[PDB]
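Okay, so here's just one chain, in structure tokens, the form deposited in one PDB entry.
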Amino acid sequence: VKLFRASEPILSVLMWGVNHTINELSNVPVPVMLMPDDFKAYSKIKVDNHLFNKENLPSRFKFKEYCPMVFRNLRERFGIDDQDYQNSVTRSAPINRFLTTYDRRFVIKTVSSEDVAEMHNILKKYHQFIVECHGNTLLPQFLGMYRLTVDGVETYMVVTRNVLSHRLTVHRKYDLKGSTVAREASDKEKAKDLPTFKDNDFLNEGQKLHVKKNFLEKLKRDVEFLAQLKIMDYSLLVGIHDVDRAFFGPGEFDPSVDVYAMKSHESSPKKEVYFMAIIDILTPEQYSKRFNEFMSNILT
């Protein structure tokens, strides 16, 4: 019984809508492939109850899903079953603009109208690039994109698969950009429960990441693709888990789930698990090489 009980009502609508749209899709056959119109399609639902079912939902709200068929296909190509996606969103309210599902499997990012337009401009090429990868890629894995309307105000959301592990506590996080600029953790951010250490502090800390080659074979392909689409401003996200810090076990992960995880070599000083993926690709060619250059020199 899905009472859509959430820490605030926009999350109740998120849960209701993902539930609703995924059930509707279970009544829509999967095609022999996608058509152009699938890349221009949307679904729209306006809910207007009166004295009914108001305990957790609002009485009036809207939900819009951009390109349901394309995103259902992507979900398939990334190895995610729709009912799993549905349960990760609906079984308990998402948690903390960036959210995660209760099981930390997927992350929900608030985006702008500009970003939604940008994904529409990239979508057919993104999808064919993922067809040609057989999904073996470091780009964000886009699972769904929604517009919610609560109390008159529209909110746009993109759902991705999580870079970090949904089970293993992550001990240090870095947001690398490869720039010839000055990205460093702010003193306010440096005092966070878990800091986000941008580019400079990765070399001012001295962390290396020890292991090998298939990774760069995939990354070069990715950033070539992003530059060739005039995308800039993207970051690479690195997460460090210290096994030693510490049923189930330490350093133990499922690679079918934590798709980006990577075990450290025996030669590493500490026993570690790394997680690595590209993020924030909704906005040029120089940016590619510089960026690649930086990460060219993270691995040992």
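Don't overthink the numbering: it's just position in the shown sequence, from 1.
Count the deposited residues lacking coordinates between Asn96 and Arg97 and you get 4 to 9 of them.
Missing coordinates between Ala246 and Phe247 amount to 10 or more residues of the deposited sequence. According to the PDB record, 263 to 271 carries the higher mean C-alpha B-factor of the two stretches 23 to 31 and 263 to 271. As recorded in the PDB entry, 228 to 236 is the stretch of 56 to 64 and 228 to 236 with the greater mean C-alpha temperature factor.
Highest C-alpha temperature factor among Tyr126, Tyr156, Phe202, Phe142, as the PDB entry reports it: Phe202. Taking only the listed residues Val131, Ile80, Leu138, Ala185, the entry reports the highest CA temperature factor at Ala185. The deposited CA B-factor of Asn73 belongs to the lowest third of values across its chain. In the PDB entry, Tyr102 places in the middle third of its chain by CA B-factor. Per-chain ranking of the deposited C-alpha B factor places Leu148 in the lowest third.
Annotation for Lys190: C-alpha temperature factor in the highest third relative to the rest of the modelled chain, per the entry. Ranked within its chain, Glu114 lands in the middle third, by CA B factor from the PDB record.
Not on display, but discussed next: the form solved in complex with a small molecule.
Within this chain, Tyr156 lines the site of the small molecule in the bound PDB entry, having a heavy atom no more than 4.5 Å away.
Contact between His210 and the small molecule in the bound PDB entry is not found at the 4.5 Å heavy atom cutoff. Proximity of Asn121 to the small molecule in the bound PDB entry: non-hydrogen atoms within 4.5 Å are present. Remark: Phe253 does not count among the residues lining the small molecule in the bound PDB entry, judged by a heavy atom distance of 4.5 Å or less. When contacts are defined as a non-hydrogen atom within 4.5 Å, none of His20, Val47 and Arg60 contacts the small molecule in the bound PDB entry. Contact with the small molecule in the bound PDB entry, defined as a heavy atom within 4.5 Å, holds for exactly one of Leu203, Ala117, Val181, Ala191, namely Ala117. Think of it this way: in the bound PDB entry, the small molecule has a heavy atom of just one of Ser113, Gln128, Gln83, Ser186 within 4.5 Å, and the residue is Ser113.
The stretch from 146 to 154, 128 to 136, 213 to 221, 72 to 80 that comes within 4.5 Å of the small molecule in the bound PDB entry, counting heavy atoms only, is 146 to 154.
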